[PDB]
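What follows is structure_9.tsv (TSV, C-alpha atoms).
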chain	number	residue	atom	x	y	z
Q	26	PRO	CA	-9.70	-18.66	16.21
Q	27	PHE	CA	-9.62	-19.81	12.55
Q	28	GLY	CA	-13.31	-19.72	11.63
Q	29	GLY	CA	-14.99	-22.25	9.38
Q	30	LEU	CA	-12.34	-22.15	6.63
Q	31	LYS	CA	-8.56	-22.27	7.01
Q	32	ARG	CA	-8.23	-21.85	3.23
Q	33	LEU	CA	-10.33	-22.18	0.11
Q	34	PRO	CA	-11.06	-25.81	-0.83
Q	35	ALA	CA	-8.77	-27.25	-3.46
Q	36	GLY	CA	-9.88	-26.50	-6.99
Q	37	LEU	CA	-12.35	-23.74	-6.10
Q	38	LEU	CA	-10.33	-20.98	-7.74
Q	39	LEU	CA	-10.00	-23.30	-10.76
Q	40	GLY	CA	-13.76	-23.78	-11.00
Q	41	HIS	CA	-14.39	-26.95	-8.97
Q	42	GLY	CA	-16.86	-27.36	-6.14
Q	43	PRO	CA	-20.47	-26.56	-5.27
Q	44	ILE	CA	-21.99	-24.05	-7.69
Q	45	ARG	CA	-22.93	-21.67	-4.89
Q	46	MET	CA	-19.36	-21.54	-3.59
Q	47	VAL	CA	-18.01	-21.17	-7.13
Q	48	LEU	CA	-20.37	-18.25	-7.77
Q	49	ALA	CA	-19.44	-16.78	-4.39
Q	50	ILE	CA	-15.72	-16.87	-5.14
Q	51	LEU	CA	-16.48	-15.41	-8.57
Q	52	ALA	CA	-18.31	-12.62	-6.75
Q	53	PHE	CA	-15.31	-12.23	-4.45
Q	54	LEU	CA	-12.98	-11.89	-7.44
Q	55	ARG	CA	-15.29	-9.30	-9.00
Q	56	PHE	CA	-15.50	-7.42	-5.68
Q	57	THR	CA	-11.68	-7.25	-5.59
Q	58	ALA	CA	-11.10	-6.73	-9.36
Q	59	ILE	CA	-9.12	-9.96	-9.79
Q	60	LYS	CA	-9.32	-11.94	-13.00
Q	61	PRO	CA	-10.72	-15.47	-12.61
Q	62	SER	CA	-9.09	-18.61	-13.95
Q	63	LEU	CA	-10.18	-20.26	-17.19
Q	64	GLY	CA	-11.78	-23.11	-15.28
Q	65	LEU	CA	-13.75	-20.67	-13.16
Q	66	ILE	CA	-14.89	-18.77	-16.26
Q	67	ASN	CA	-15.96	-22.05	-17.89
Q	68	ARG	CA	-17.94	-22.93	-14.76
Q	69	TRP	CA	-19.55	-19.46	-14.76
Q	70	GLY	CA	-20.47	-19.82	-18.43
Q	71	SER	CA	-21.93	-23.30	-17.95
Q	72	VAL	CA	-24.29	-22.74	-15.00
Q	73	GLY	CA	-27.97	-22.59	-15.88
Q	74	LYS	CA	-29.41	-19.08	-15.96
Q	75	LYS	CA	-32.16	-19.95	-13.47
Q	76	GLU	CA	-29.96	-21.41	-10.73
Q	77	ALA	CA	-27.33	-18.68	-11.15
Q	78	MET	CA	-29.98	-15.96	-10.95
Q	79	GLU	CA	-31.29	-17.53	-7.75
Q	80	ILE	CA	-27.81	-17.77	-6.24
Q	81	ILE	CA	-26.86	-14.18	-7.12
Q	82	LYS	CA	-30.17	-12.79	-5.87
Q	83	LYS	CA	-29.57	-14.50	-2.53
Q	84	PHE	CA	-26.06	-12.98	-2.52
Q	85	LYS	CA	-27.80	-9.60	-2.97
Q	86	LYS	CA	-29.85	-10.19	0.15
Q	87	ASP	CA	-26.70	-11.27	2.05
Q	88	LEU	CA	-25.10	-7.93	1.14
Q	89	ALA	CA	-28.31	-6.17	2.22
Q	90	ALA	CA	-27.97	-7.91	5.59
Q	91	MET	CA	-24.35	-6.76	5.93
Q	92	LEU	CA	-25.41	-3.19	5.17
Q	93	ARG	CA	-28.15	-3.38	7.82
Q	94	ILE	CA	-25.58	-4.67	10.33
Q	95	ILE	CA	-23.36	-1.69	9.47
Q	96	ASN	CA	-26.21	0.83	9.77
Q	97	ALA	CA	-27.42	-0.60	13.08
Q	98	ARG	CA	-23.93	-0.72	14.62
U	26	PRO	CA	-4.71	-19.06	-17.34
U	27	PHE	CA	-5.27	-19.70	-13.62
U	28	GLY	CA	-6.43	-16.16	-12.92
U	29	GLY	CA	-4.74	-13.42	-10.91
U	30	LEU	CA	-5.04	-15.42	-7.69
U	31	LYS	CA	-3.80	-18.94	-6.95
U	32	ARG	CA	-4.91	-18.75	-3.31
U	33	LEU	CA	-6.08	-16.19	-0.80
U	34	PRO	CA	-3.24	-14.00	0.52
U	35	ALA	CA	-1.84	-15.06	3.87
U	36	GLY	CA	-3.82	-13.78	6.82
U	37	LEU	CA	-6.90	-12.68	4.87
U	38	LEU	CA	-9.16	-15.29	6.44
U	39	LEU	CA	-7.69	-14.20	9.79
U	40	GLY	CA	-8.57	-10.54	9.16
U	41	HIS	CA	-5.37	-9.18	7.62
U	42	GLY	CA	-5.15	-7.25	4.38
U	43	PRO	CA	-6.79	-4.31	2.61
U	44	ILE	CA	-10.25	-3.55	3.93
U	45	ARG	CA	-11.97	-4.08	0.57
U	46	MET	CA	-10.60	-7.60	0.29
U	47	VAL	CA	-11.39	-8.30	3.94
U	48	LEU	CA	-15.01	-7.21	3.45
U	49	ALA	CA	-15.11	-9.15	0.18
U	50	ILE	CA	-14.06	-12.36	1.90
U	51	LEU	CA	-16.54	-11.68	4.71
U	52	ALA	CA	-19.15	-11.39	1.97
U	53	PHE	CA	-17.90	-14.69	0.53
U	54	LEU	CA	-18.19	-16.39	3.92
U	55	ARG	CA	-21.72	-15.03	4.36
U	56	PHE	CA	-22.66	-16.12	0.82
U	57	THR	CA	-21.52	-19.66	1.67
U	58	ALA	CA	-22.80	-19.69	5.29
U	59	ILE	CA	-19.31	-20.20	6.75
U	60	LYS	CA	-18.34	-18.77	10.14
U	61	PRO	CA	-15.59	-16.11	10.08
U	62	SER	CA	-12.52	-16.17	12.28
U	63	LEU	CA	-12.20	-13.99	15.37
U	64	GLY	CA	-9.68	-11.79	13.56
U	65	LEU	CA	-12.05	-11.25	10.64
U	66	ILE	CA	-14.87	-10.46	13.07
U	67	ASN	CA	-12.64	-7.91	14.77
U	68	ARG	CA	-11.86	-6.24	11.43
U	69	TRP	CA	-15.56	-6.23	10.55
U	70	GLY	CA	-16.53	-4.62	13.85
U	71	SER	CA	-13.66	-2.13	13.66
U	72	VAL	CA	-14.13	-0.76	10.13
U	73	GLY	CA	-15.58	2.72	9.80
U	74	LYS	CA	-19.29	2.75	9.00
U	75	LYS	CA	-18.85	5.13	6.06
U	76	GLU	CA	-16.04	3.21	4.37
U	77	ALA	CA	-17.81	-0.13	4.87
U	78	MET	CA	-21.08	1.30	3.51
U	79	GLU	CA	-19.28	2.50	0.39
U	80	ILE	CA	-17.51	-0.82	-0.13
U	81	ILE	CA	-20.64	-2.93	0.36
U	82	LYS	CA	-22.71	-0.68	-1.91
U	83	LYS	CA	-20.06	-1.17	-4.59
U	84	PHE	CA	-20.32	-4.94	-3.99
U	85	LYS	CA	-24.05	-4.57	-4.61
U	86	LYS	CA	-23.23	-2.94	-7.94
U	87	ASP	CA	-20.93	-5.88	-8.76
U	88	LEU	CA	-23.71	-8.39	-8.05
U	89	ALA	CA	-26.05	-6.31	-10.23
U	90	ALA	CA	-23.47	-6.60	-13.02
U	91	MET	CA	-23.21	-10.39	-12.62
U	92	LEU	CA	-27.01	-10.65	-12.74
U	93	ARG	CA	-26.96	-8.49	-15.88
U	94	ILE	CA	-24.47	-10.87	-17.49
U	95	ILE	CA	-26.60	-13.90	-16.57
U	96	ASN	CA	-29.71	-12.25	-18.04
U	97	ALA	CA	-27.78	-11.45	-21.22
U	98	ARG	CA	-26.54	-15.05	-21.65

Take the structure in this file and express it as C-alpha cells.
Amino acid sequence: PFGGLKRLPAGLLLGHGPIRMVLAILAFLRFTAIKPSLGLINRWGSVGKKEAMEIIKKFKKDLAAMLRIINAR
Amino acid sequence: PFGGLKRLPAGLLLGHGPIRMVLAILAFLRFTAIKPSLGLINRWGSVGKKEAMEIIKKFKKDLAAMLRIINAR
C-alpha cells in the first residue's frame, strides 16, 4: 500500500543521511530540475570522487534496468 | 537556502503527480533499493512506453552530467 518509504527521512533534502541516498535524492532533484539545498550541495561537494563515481555509475545501471523493463513490457 | 523542495509533494510516493517526477522518484527508490508503493507501481506499469523511454533517457543524460561534474572536481 505505502511501499518502503512513507516520506523522505528527516534531513535528507538538507544533506544528511547515507551518501548513496543523498546522491540519489540529488539525482532526483536534477531529474526534476529542482534546486538543492545548501546542505545538500555541501554534501555533494564533499564526497570523495571515487565513491561518488561508483555510486553514480551504479545509478546508470539502475536506469538501464528501468529502460529494459520498459522495452520488454 | 533549503532548495526548491522542503519535502516530496503529497501523493508522489503513492503514484500521484507529473509523470516525470513520478518516474524520477521511482528511479530514486531503485537507486536506494526501496520498494515502491502499489500506486507508484500502477503508474509505472501504465505510462506509455515512448514517453517513459524519453524521460528515462533524459535521466541518463542527467547522470552523465553528474559524473562529468565529479570528474571535473

**Report entry** Option closest in space to residue 62 in chain U, from Q:30, Q:38, Q:44, Q:89 [counting all atoms listed in the file]
**Finding:**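 Closest candidate: Q:30.
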
Overlay target chain U, mobile chain Q, all C-alpha paired in order, as a compact mmCIF listing (two decimals) with C-alpha atoms, in the coordinates of the input:
# COMPACT_ATOMS: atom_id res chain seq x y z
CA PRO Q 26 -4.89 -20.76 -16.65
CA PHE Q 27 -4.76 -19.77 -12.94
CA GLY Q 28 -6.32 -16.30 -13.01
CA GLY Q 29 -5.17 -13.42 -10.85
CA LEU Q 30 -5.07 -15.40 -7.58
CA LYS Q 31 -3.59 -18.84 -6.97
CA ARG Q 32 -4.83 -18.66 -3.36
CA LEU Q 33 -6.04 -16.10 -0.87
CA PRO Q 34 -3.23 -13.88 0.48
CA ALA Q 35 -1.83 -14.95 3.81
CA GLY Q 36 -3.79 -13.64 6.76
CA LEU Q 37 -6.90 -12.61 4.81
CA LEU Q 38 -9.13 -15.23 6.39
CA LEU Q 39 -7.69 -14.12 9.76
CA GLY Q 40 -8.59 -10.49 9.12
CA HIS Q 41 -5.41 -9.04 7.58
CA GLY Q 42 -5.15 -7.12 4.34
CA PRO Q 43 -6.87 -4.30 2.46
CA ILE Q 44 -10.27 -3.48 3.94
CA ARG Q 45 -12.03 -4.02 0.62
CA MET Q 46 -10.61 -7.53 0.26
CA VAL Q 47 -11.40 -8.30 3.91
CA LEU Q 48 -15.00 -7.18 3.41
CA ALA Q 49 -15.15 -9.16 0.17
CA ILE Q 50 -14.01 -12.37 1.84
CA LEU Q 51 -16.47 -11.66 4.66
CA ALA Q 52 -19.15 -11.39 1.97
CA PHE Q 53 -17.90 -14.65 0.47
CA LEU Q 54 -18.18 -16.39 3.85
CA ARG Q 55 -21.71 -15.03 4.30
CA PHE Q 56 -22.63 -16.13 0.75
CA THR Q 57 -21.48 -19.67 1.60
CA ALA Q 58 -22.72 -19.76 5.25
CA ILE Q 59 -19.23 -20.23 6.72
CA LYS Q 60 -18.33 -18.74 10.07
CA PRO Q 61 -15.50 -16.18 9.96
CA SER Q 62 -12.45 -16.22 12.20
CA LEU Q 63 -12.16 -14.04 15.30
CA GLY Q 64 -9.63 -11.82 13.58
CA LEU Q 65 -11.96 -11.33 10.63
CA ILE Q 66 -14.86 -10.51 12.96
CA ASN Q 67 -12.66 -7.99 14.82
CA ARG Q 68 -11.73 -6.39 11.49
CA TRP Q 69 -15.42 -6.27 10.48
CA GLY Q 70 -16.34 -4.67 13.80
CA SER Q 71 -13.56 -2.09 13.59
CA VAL Q 72 -14.11 -0.66 10.09
CA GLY Q 73 -15.71 2.77 9.97
CA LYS Q 74 -19.40 2.73 9.07
CA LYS Q 75 -18.90 5.14 6.16
CA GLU Q 76 -16.13 3.24 4.36
CA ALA Q 77 -17.83 -0.13 4.94
CA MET Q 78 -21.13 1.19 3.61
CA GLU Q 79 -19.33 2.45 0.51
CA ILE Q 80 -17.56 -0.87 -0.01
CA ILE Q 81 -20.71 -2.97 0.44
CA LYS Q 82 -22.77 -0.72 -1.83
CA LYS Q 83 -20.16 -1.17 -4.56
CA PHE Q 84 -20.35 -4.94 -3.95
CA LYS Q 85 -24.12 -4.59 -4.55
CA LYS Q 86 -23.47 -3.03 -7.93
CA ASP Q 87 -20.95 -5.79 -8.76
CA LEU Q 88 -23.66 -8.38 -8.07
CA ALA Q 89 -26.06 -6.33 -10.22
CA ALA Q 90 -23.51 -6.54 -13.03
CA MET Q 91 -23.24 -10.32 -12.64
CA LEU Q 92 -27.03 -10.61 -12.81
CA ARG Q 93 -27.10 -8.50 -15.99
CA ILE Q 94 -24.42 -10.76 -17.51
CA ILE Q 95 -26.60 -13.78 -16.65
CA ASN Q 96 -29.76 -12.22 -18.10
CA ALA Q 97 -28.03 -11.13 -21.30
CA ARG Q 98 -26.35 -14.51 -21.87

Report task. Calculate how many Å separate CA of residue 72 in chain U from CA of residue 51 in chain U, rounding to one decimal. Result ->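 Taking CA of residue 72 in chain U as the start and CA of residue 51 in chain U as the end point, the length is 12.4 Å.
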
**Report entry** Atomic separation - CA of residue 46 in chain U relative to CA of residue 66 in chain Q, Å
**Finding:**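 Straight-line distance from CA of residue 66 in chain Q to CA of residue 46 in chain U works out to 20.4 Å.
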
Query raised in the report: When you draw a straight line from CA of residue 41 in chain Q to CA of residue 75 in chain Q, how long is it in Å?
Result: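 Interatomic distance here is 19.6 Å.
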
Report task. Could you give me, as a ChimeraX atom specification, the residues within 7 Å of residue 87 in chain Q, counting only C-alpha atoms and dropping anything in the same chain fewer than 3 positions from it? Result -> /Q:83-84,90-91 /U:55-56

Take the residues just selected and output them with C-alpha atoms as a PDB file, in the coordinates of the input.
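So again.pdb came out as:
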ATOM      1  CA  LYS Q  83     -29.570 -14.500  -2.530  1.00  0.00           C
ATOM      2  CA  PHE Q  84     -26.060 -12.980  -2.520  1.00  0.00           C
ATOM      3  CA  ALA Q  90     -27.970  -7.910   5.590  1.00  0.00           C
ATOM      4  CA  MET Q  91     -24.350  -6.760   5.930  1.00  0.00           C
TER       5      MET Q  91
ATOM      6  CA  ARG U  55     -21.720 -15.030   4.360  1.00  0.00           C
ATOM      7  CA  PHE U  56     -22.660 -16.120   0.820  1.00  0.00           C
TER       8      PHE U  56
END
